[PDB]
Amino acid sequence: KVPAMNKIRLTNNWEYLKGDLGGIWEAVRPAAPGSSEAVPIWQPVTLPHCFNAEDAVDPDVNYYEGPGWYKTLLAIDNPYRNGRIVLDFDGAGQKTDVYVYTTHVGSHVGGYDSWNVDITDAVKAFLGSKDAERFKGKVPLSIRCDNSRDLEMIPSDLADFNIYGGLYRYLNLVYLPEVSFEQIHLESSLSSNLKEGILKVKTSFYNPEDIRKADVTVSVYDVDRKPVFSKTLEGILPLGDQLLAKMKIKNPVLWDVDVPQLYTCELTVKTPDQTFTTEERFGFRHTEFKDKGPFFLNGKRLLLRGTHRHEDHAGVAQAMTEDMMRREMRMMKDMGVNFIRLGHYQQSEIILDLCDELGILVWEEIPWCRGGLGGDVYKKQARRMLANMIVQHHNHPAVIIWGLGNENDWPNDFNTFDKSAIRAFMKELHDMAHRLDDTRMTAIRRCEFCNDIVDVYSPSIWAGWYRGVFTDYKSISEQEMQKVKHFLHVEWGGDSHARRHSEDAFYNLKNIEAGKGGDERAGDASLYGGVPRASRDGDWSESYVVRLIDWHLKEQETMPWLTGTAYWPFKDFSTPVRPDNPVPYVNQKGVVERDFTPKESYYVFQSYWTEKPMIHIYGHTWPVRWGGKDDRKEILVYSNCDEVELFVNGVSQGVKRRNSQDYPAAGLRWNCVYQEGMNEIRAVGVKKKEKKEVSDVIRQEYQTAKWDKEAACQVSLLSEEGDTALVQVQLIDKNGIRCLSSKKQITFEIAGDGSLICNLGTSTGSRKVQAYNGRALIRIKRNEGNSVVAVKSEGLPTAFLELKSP
Amino acid sequence: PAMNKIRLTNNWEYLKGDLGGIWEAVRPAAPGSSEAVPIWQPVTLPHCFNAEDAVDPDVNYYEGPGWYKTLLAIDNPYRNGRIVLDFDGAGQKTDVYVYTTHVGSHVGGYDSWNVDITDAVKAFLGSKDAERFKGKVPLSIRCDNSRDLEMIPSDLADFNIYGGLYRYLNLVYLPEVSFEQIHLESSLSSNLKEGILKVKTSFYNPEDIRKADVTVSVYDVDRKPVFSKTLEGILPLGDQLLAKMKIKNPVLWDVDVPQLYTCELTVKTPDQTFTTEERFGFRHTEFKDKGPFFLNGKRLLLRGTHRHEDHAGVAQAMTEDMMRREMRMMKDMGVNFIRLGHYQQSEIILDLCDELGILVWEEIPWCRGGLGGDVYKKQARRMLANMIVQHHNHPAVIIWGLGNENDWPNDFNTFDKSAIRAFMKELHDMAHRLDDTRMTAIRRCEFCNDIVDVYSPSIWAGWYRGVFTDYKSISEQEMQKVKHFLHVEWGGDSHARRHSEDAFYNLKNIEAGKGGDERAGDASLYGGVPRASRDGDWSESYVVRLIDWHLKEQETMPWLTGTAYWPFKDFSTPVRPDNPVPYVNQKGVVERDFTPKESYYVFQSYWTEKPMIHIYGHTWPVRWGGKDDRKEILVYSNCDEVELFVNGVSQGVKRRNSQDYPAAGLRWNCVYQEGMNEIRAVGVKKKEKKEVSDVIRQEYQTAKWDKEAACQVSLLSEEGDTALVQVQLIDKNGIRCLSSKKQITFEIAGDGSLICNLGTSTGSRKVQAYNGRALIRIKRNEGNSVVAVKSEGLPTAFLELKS
Ligand code: NA
Ligand code: NA
Ligand code: NA
Ligand code: NA
């Protein structure tokens, strides 16, 4: 539950086994070295851990969906007298069973909600047994996690993300005294004029020893951590539910996306044998969706500037650490985000705390995501995960929407599809959300035959990607908003293979018909069939998506009725249904790469959405441009500055004034001659409001030679950093000319002491990857030794590079 | 909805015992074949397995399975409608079959539940098997009241855990769209001058109709409208808030002027117009900390009773007419409060409490034994939720009870106070989550008295413990232990028609000052310390004085919320085989067939204003004592003054004064003449300017009697085909043994039958004498019989009955 300094992340001294054991005895039985019990061999791991850290993006295998085991020897020493030992799971995928020695102590189905197990009694029983001697005072903890495919479990394997397995969020050892808090619910409301706040403090006690009386103190501190309320309830019954306090705050400090400010509620439960303190934060804010209108925060219109995220990261799959999450959420805030839909499931509470602290409003949904509707167990799981999500995240001021599902019109996990049954269950979930928490709105995305059930509705609008042209975005949005009481557009964008650029982003896109919608339908997401569309025919360069995002954002400045939108997603993430993407098994629509490297599109959002002066010439990852000699090449600058001057090789190209509606690049575009060879492009901006000057500089080569078809791979050592070498491949034609438009797939192999830094799900961390402008990079960990790298490409001679260590 | 709701009462058959499988209920069976046994019994519903064997003195009442079957003629008037079986209640575990298909099951004998049988009916009517049933649909129902330690209530309880379809079973036709739940949330402002009503509903919509027009209308006590609104094109799916309204100066519900509002809901589509209604009331209730109870801002002494669902001849299977008569009898006695025994009761009872002005405590049957496993706990949670959800709208209800005597162990080989506390607090929390407008309560579990809102200890002064003159001081000590004290259960047993010249005769060993709580062993007739429950003569004369004392003390207890006497009416219980009426708890002020006892008039004289007057001793034919003894005569009356006449001679006027105990000052000491006497009382009530009178006749006997020597049996009266037979115990000299309590056994051979197994002192074939007398009725069946009368150690006597 909620503790403090008694919460211990169990990260070290774990072992992992892919696959099942024959019974719990195999995890704990005596095993001599070299015996039959000494196989299978387990892998030492540090938690958090995901079964699929590598195989989700490995280009040659289906990611593992099945059982796996973890074991540790727990060093238990409870600092509380007669205290409790609780295992607190931030989240584990998907079905988990927990054992203390040979005793099954808990189970859970659901990969995204938190849950816990009190193991006090099992530990005591184990420690009192003759078997305890062999474990040298420690307690064997064995945990089975299972992400086997299961049609009767949400989410559906039809979904566009990995249904990951393992202990991929922190597992906490929580020591508690005799009496603690099982639940703390802070009900906050804000009066009509916003000058009066009401706080009700409700709690559920955890009291397995049946202590009859306790003294409970409730204290509330303001945003400066000064106390504004304190009350002690003497001799209360600390059992079950208790309302501890009801209080009115005059002139409360409001939580806002620009100034996120939180109050703190500190609860203490005292007996003769304990003093136990924990705290919980909350915020005061008023939210309102206008009928056929926009969104209001604290009585003022706020355009939601949104993104999404999956719990997925390079090298670790779902097993992100707290530091990784803080960096990601800080990157979002620095981009100007004020709204996020947390993918298709409840996310780590670390993320929710960061949204409270950084000022990011939240839509959080259950993973009822495609496939239809299952039987009683499926439904019981959905209800349980909805209730768990609302109960667990109720206090976060960031949350404004509880989502009930995504693309529930997508069939075929069952041999029937019954719209009426889906409506009935959707209404049951909506009713449950309002029964549990009527201060927030319910929502779904893309299920038109349920659009009368939920409070807030999103259709599918992928203008310029899965359908139509992106200049239809505004008109499609105008038509769609009129169909529902509260319209909120979640998911739009396009894929970009990071570091791939184009001199003509529309080269194969000139015959896409406008005026025929922009929704994703069955078959549009696949690589085959359908009608002409950028998702199928586009080059997947960053150059196209930068122009697509630019368009959407400048249109939103002229849509005063719009609640807002959320781009899909913030960061590239792995998906099992896209084996043939330029990075295999990665959805590449992010504006950030899967390893946190910003794409060029990140700066488009930042230039529109932030006030801190910045300036970004497009093409930081574009080393070689091309065209005719003395052709005037378009240069785009993404900046929030009021005026920008561009310099090419030190020669001024003139000052331009920023104007969002002067598309593209908000008027900050130039057409300049590049010299054959290297060029230095510099941009200098001033932001009048800040009286600040900022600059950006890039270097680009310009190639006038035309190229024939790919003929060879040229492989070279580009640079080194310690034990790591960066290898570059360049596709060239029969005359040695760089094939700057090539998308040919390149394969890396290594033999010797080193290893490829591959399976990261990034365009520079993939052992099979489509070229970006005829080039491909990968890093090699040399391991202080010698290796040979081979580079393969279909129909081309294989090339080799030796890597030596000094 | 009366138009759509059909009581299934006729054309049922009943089988005591189990079948080998559903096929036995519906298989072809030729006359004289093996399938033609076992033989079933034609019955009319409602029906209870135990209508006779609960009070039959020679058998344990049946706890086990039994079956019912009927053939249903189905004709749904609604297009594409639903067919639902709606159970008011059935004991205890029920399974429902349409032909061979199991369509529903239920565990819990006291909550309502229903089964949609639409699809099974359709599948049956379309099958080759339908032809042999001639257009009808076979419905077979298994009910089971087998003993079960993992099911509440406990068999340790002082009532029968009855079996069968003992509350109405309704056939309900519905259109496509109907209301599954109607919830009326009412609250009443500080000054009682502003009322708030929220109308919430859950739709039943299996065809997924997307739109409907819904009308909400609220009517007052005359059924005239105070609010009406139509919601056009609403989504009739799941939960919908239909209306929230403020009523200025609402009419308040009160125990003297019970006034109800009615909420009427209509749901219309192009294919249907469906209307149903629900009643509610506005009233403010408050339990004061360490203080009394307030209704609508004024202190109200709760004048309470209890009732079990049990009645002569039918056990739990009471009809609506029987329930109406019983509740009217209570209201006419001055009752303003009832605790509904140990379980949820028929909604007919709740509607009557709303209409008559009787506040209600209703509880789940977690009644003795300890605490069971997961199924047991799930049942208690389910029955609590069902009771609150189903009865939420009744303004009469002020308390949801969570259990009774949960400190009473031995249904399990363990007893864990901490586990009982934990589950009790879970139930308390659930009640407040569902309905924070009412108080929770329990009775007699001291180690849980900090959990609930309102608490009752055990105070049985003058019966199970102590003397009844300790009632007030015990109540004073007990009320200080808890925030809100409310005393439920007190009283004493009286064998109706048994009286005593010395009501306190064998009560010499009973010790005062050491509590009045029933503890382990007190309820038994054996062992334990001296107590009136074991040592008293069980006369009406004792309980009348015990009740009199309690009621006059309550006039001097200004801090008292109130009390509830246990029970209104004698009822059957399996744990008292040796009572004067076997297997009947005889603490009622009314007999099990509705005949008032003398104690009924004690309550009435204290609790009502309508002028009445009742000389004690209407069922006391022969008084006794010495020649020229001055006999005490008590008159129970609410008149201001009463004059008594004995054989036409005035004995003086006396003024009523409750504190002048006993009989509120309306007592005389008069000489009876040997032989017959006529006692007449005339009272006047000044407020009403009304005079009322009562008269009784009593014989007076001066002869002393020896031990019982013989049974003298005679035909006392006859009415049509019925004969009233009287037994009189006499000594060796022929003198009536007016103090005899000896058990009398009746037998009959021939054409007639005993009118026995009623659970009444005049309807029992084994019964203790009342003042040496015993009566029973015989249905002669237009023929000849011989009645035999047996009594231990006495010669058996015989009476011929000719027609
Ligand atoms: Na893969
Ligand atoms: Na699934
Ligand atoms: Na019996
Ligand atoms: Na039982």
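Ligands are counted one by one from 1 in listed order, and the atoms in each one are counted from 1 as well. Quick note: numbers below take in every heavy atom, side chains included, and nothing from hydrogens, waters or symmetry partners. First the proteins, then the strands, lettered A, B, ... as listed; each starts at 1.
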Verify salt bridge (charged side-chain N to carboxylate O under 4.0 Å, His left out) between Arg144(A) and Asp146(A), making sure each step is shown before the conclusion. CA-CA 7 Å; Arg144(A) 181 189 191 268; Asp146(A) 188 356; 3.3 Å; yes
The Na ion (ligand 4) reached by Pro153(B) (N, O or S, under 3.0 Å): yes
Salt-bridged, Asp150(A) to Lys95(A), with N to O below 4.0 Å? yes
So that I can check it, does any N, O or S atom in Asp60(A) come closer than 3.0 Å to the Na ion (ligand 1)? no
Is the charged tip of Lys743(A) near the ring of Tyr772(A): under 6.0 Å from the six-membered ring centre and within 45° of its axis? no
Restricting to N, O or S, what is the name of the atom of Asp148(B) that lies nearest the Na ion (ligand 4)? O
Opening angle at the Na ion (ligand 1) [O, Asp58(A); O, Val61(A); to 10 degrees]: 90°
Between the side chain of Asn145(B) and the main-chain N/O of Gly64(B), is any donor-acceptor distance below 3.5 Å? yes
Surrounding CG of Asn62(A) (heavy atoms of other residues, nucleotides or ligands, distance under 6.0 Å), is the total greater than 12? no
As a test of understanding, state which of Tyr345(A), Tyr112(A), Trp410(A), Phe425(A) forms a ring pair (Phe, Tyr, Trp, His ring centres under 6.0 Å) with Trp368(A). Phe425(A)
Atom of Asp55(A) closest to the Na ion (ligand 1), considering N, O or S atoms: O
Within 3.0 Å of the Na ion (ligand 1), is there any N, O or S atom belonging to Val57(A)? no
The Na ion (ligand 4) contact by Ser154(B), N, O or S atom under 3.0 Å: no
